[PDB]
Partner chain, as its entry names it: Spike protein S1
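One chain comes next, on its own, written as structure tokens: the form solved without the partner chain.
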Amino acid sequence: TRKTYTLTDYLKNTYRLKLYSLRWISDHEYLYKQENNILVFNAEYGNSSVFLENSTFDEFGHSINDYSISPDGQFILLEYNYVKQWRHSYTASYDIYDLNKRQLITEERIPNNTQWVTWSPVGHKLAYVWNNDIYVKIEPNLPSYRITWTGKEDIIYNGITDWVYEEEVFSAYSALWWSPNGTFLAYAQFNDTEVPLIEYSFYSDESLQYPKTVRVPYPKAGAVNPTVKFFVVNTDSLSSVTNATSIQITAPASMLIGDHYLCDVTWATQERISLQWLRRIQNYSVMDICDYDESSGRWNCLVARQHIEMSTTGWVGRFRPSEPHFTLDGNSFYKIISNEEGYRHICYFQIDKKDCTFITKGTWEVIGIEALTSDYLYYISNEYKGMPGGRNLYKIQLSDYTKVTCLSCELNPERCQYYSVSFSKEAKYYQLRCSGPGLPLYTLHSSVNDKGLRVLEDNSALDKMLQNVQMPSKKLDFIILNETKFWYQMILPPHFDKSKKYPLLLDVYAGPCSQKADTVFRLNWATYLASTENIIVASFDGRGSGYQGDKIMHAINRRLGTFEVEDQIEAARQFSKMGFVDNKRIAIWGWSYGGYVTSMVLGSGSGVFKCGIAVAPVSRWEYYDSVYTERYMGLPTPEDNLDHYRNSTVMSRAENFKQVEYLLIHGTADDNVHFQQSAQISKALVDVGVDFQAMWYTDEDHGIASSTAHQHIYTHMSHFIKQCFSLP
């Protein structure tokens, strides 16, 4: 008997995955949300107390979306009226509650429609962006100091990013950086005056008589990009002068010669800041390190401290130049860069010496630097067992690089191979977060001796429930293509029998530096398909995929829509030759880049696939944004890479779609991959007389994450897959 994992189970979230989200507030205390109220926990012993009882804001008159405690614990920022914008941006209202007097501040309050707010790293100073201008409050109940007057809707952005910087450069909306002790406030200013606008309709609720036209500054490939400027203001002088001066720090001459980007800002000390700039042609970046000059009140970046990072085989960085991690005295820093072999490792830099020293090496890569103390550097890599899809925490002794300890590898090797970490303020404690291949496991550890303090959440409740269900299994392995290994994973149906022919669905993404083959545990649509529909769901990381060196990642440089597309087809062949795949029932599907690859694959004329589903796909690179697209494709001009731009479109393969069943889906309010992209695919298919299935989702964006739409799209896709595989 035993029920299987059904579509409803996924859509209704019957089997809930538990997690343990904590927020360190010091070197040994963290906050945890247990039953609406906020408790504070002692890391050392595990005892807690009620920090803020849930019944505190009952008669607030508003539903509170999130909170934020000032560094000194004296105040708490309350956020409500949350109105989402793009991937990271949103607007909201805020009130400050005085935790000492247990009162709600009612004077000089933060304006409504505040675009971004942030406490100073120390104390309780506040900085926020409202109407595209920056303001600063030294004290929560005192008036604000205006920092900028140039703010202008869709034109000038001070302290916040425009659309493309938020999405492709900073993975954030804020563009301001408090110095370590809060004295200085740095920030970027974006000018989109000449940036073309993407325009599309938003219908809103039925009650809106006339549709609204959403207009946003968005640079498509080869178009005019926003320009940027960087400034630094001394907040400590605000109460002493009428208008504190924003000292500007200009980009290096090597950047000013053409279009460029401000791509990283990292403070090194109270009076030292590092900036990384990137040329519009993303294979050259410069890092300036600037010191405050107490005599001229100016900021100077000595060329002797400038560092150049370039790439001859591709772009710089996985998605951008990596962040530096400075030693306390700010005289040296560690940074991940690809070595002579093409693998990303940690290099140790002296701020005024151009030659760095690699402290790690091998045919594997460092994923990120997680913490740095005067004695140790902690990082996550995929070195363990040579599995690029695994992740573990490591510790390296700064006084002896030959001393490297893996802190997570052997904790529970069968259940935990994909780790994440969170250190306390001074890295005295760290929470480990295991996400697979077994059920997620959260543990707390002491850094002084790397001893396990205790288990925070083991997901026993769910393990219990899953016992009464025929869950699918997952296989992570590899195939060798041209003396090089390529990893794939398969979500196999329960009681899998290799003596049978199962229908196969290729789950694909395959964009640059992607990884669809890993050791993470997921409860998703593929779970339902394998468990209930007895469908094998596979994923393959071929050329262009990440975390396996530049040889593989830069294979698609300037050539998107080629190798990553072909390898995916070859993967299908390879799978069919494994003998447990029904060659007559092989389907392919993907979202976003996966939608593009799926479409390109369905229109290649390979004959391997019977049907496929593309959700919010890219159809021609000239329609996607500049930062992302140009990174891999360069410029769409005849003197650069225009020919391949025009050669890698979905539309040019419309005719071959007569050989397959296709389902095209897109959200009408997708601000990322514009509906325009599918509108052009559909028109090309209509023009050559090809029938296909389509579905638009009114007012949904790139994620189609709305509760109702989410249930609707997966239901619709399920019927299509079952029909194509005629289950029925």
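Shifts are known only where both forms have a C-alpha. Numbering follows the first chain given and starts at 1. Between two forms, the rigid core is the largest collection of C-alphas that superpose within 1.5 Å.
Beyond what is shown, the protein has a form solved in complex with the partner chain; the following relates to that form.
Checking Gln306, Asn81, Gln74, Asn412 for any heavy atom within 4.5 Å of the partner chain in the bound PDB entry turns up a single hit: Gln306. Checked against the partner chain in the bound PDB entry, the candidates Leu466, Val122, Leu99, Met310 yield a single residue with a heavy atom inside 4.5 Å, and that residue is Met310. Between 536 to 544, 356 to 364, 386 to 394, 297 to 305, the stretch whose residues reach within 4.5 angstroms of the partner chain in the bound PDB entry through a non-hydrogen atom is 297 to 305. Residue contact check for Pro252: one or more of its heavy atoms lie within 4.5 Å of the partner chain in the bound PDB entry. Remark: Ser237 does not count among the residues lining the partner chain in the bound PDB entry, judged by a heavy atom distance of 4.5 Å or less. Contact annotation for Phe231: at least one heavy atom lies within 4.5 Å of the partner chain in the bound PDB entry. For the chain shown alone, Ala461 is not a contact residue for the partner chain in the bound PDB entry, no non-hydrogen atom being within 4.5 angstroms. Once the core is superposed between the shown form and the other one, every option in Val448, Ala304, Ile480, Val241 stays below 2 Å in C-alpha shift except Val241.
When the two forms are overlaid on the core, a lone consecutive residue run of 3+ whose CA positions all differ by 2 Å or more between the shown form and the other one maps to 239 to 241.
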